[PDB]
């Protein structure tokens, strides 16, 4: 066979396996070939299942129709997003926190922003992550050349600072043990533990970044699931504006997982060591590497941030929070240590003396329920399994009855 003379990107070779979620999808597909009539219930990837509220879809349908008219047609939009949407985001989520419309950048989702932020930061920064955490932070770091190879003894990539988060520390790292890095990725409520940092803990985090001259990338994608009285935005901590940016999404709030609409906020006072504003470089990246979120998706997001939109999202969130309680009760009554579920739509279940890939396979084989192995979120995830609360009520109820039946005489 012919081969080119182009060298494969050595950062791609570093990656230890495929991305977590497609690999779960692969195993689900294999299972369905093995048992074509299996009634599979999917609680692995956190994919929303309930319809998008009509007030939101009507707005998208209306925009689509307007595109067929002379007066309603629009072409390229500003890569930063429509001004009225940036304004609605700024006031709805950051009103009174000193965030301006120009600090908000509308994206086609938070996953995409994590990678565009990483292009911006470039190959020469070092990163810290919660351990466990959402796998995109680590993988985007490897892709951009910020790391060494995967070390199989400790299950870590070289040159990444993995901050230890455990049941024992309430899933917040001991910052006195964490080494200095350029960037700190911090998710609250955290995926997969469900842990939400308190005001005191976030104050420690900002003080730590300030002393270290670090940039916090704060992921608030589950913040509207907060039940405890904790801050929902990093900008609620005075001084955050000098050290932090925030990324979020409509995915988990309006069921926009397939519609594609999120945002990032980068404050005016966030500067590199030469004084250059970080926001200006992010603007260059989005003007060069992106052409804006879909106009229809933007029209949907605008409808979300109205009294009727917020009421509709609140209801959807409430439904999923009810699902979470069902799942919590099931595993608790079976005698497992169960974490999270209070401030997030998933639960983090401890399975001692088994690898989480083995647990995943066993649950899928015996109950036809898809979960997420905890090791997929980093080495501190080993021995845990994440179970999503996103599903139709009847499916959540059925998955729990399957779990109880399997584990009742054994645990």
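Numbering follows the first chain given and starts at 1.
- Mean CA B-factor, 5 to 13 versus 21 to 29: the higher value falls on 21 to 29.
- Taking the mean C-alpha B-factor of each stretch as recorded, 261 to 269 and 70 to 78 are not equal, and the higher mean is that of 70 to 78.
- When the C-alpha B factors of 233, 141, 294, 155 are read from the deposited coordinates, the top value falls at 155.
- Remark: of 118, 249, 333, 298, 333 shows the highest value [criterion: C-alpha B-factor in the PDB entry].
- Compared with the other modelled residues of the chain, the Cα B-factor recorded for residue 150 ranks in the middle third.
- In the deposited entry, the Cα temperature factor of residue 106 places it in the lowest third of its chain's modelled residues.
- Sorting the modelled residues of the chain by their CA temperature factor places residue 182 in the lowest third.
- Annotation for residue 86: C-alpha temperature factor in the lowest third relative to the rest of the modelled chain, per the entry.
- When the modelled residues of the chain are ordered by their C-alpha B factor, residue 368 lands in the middle third.
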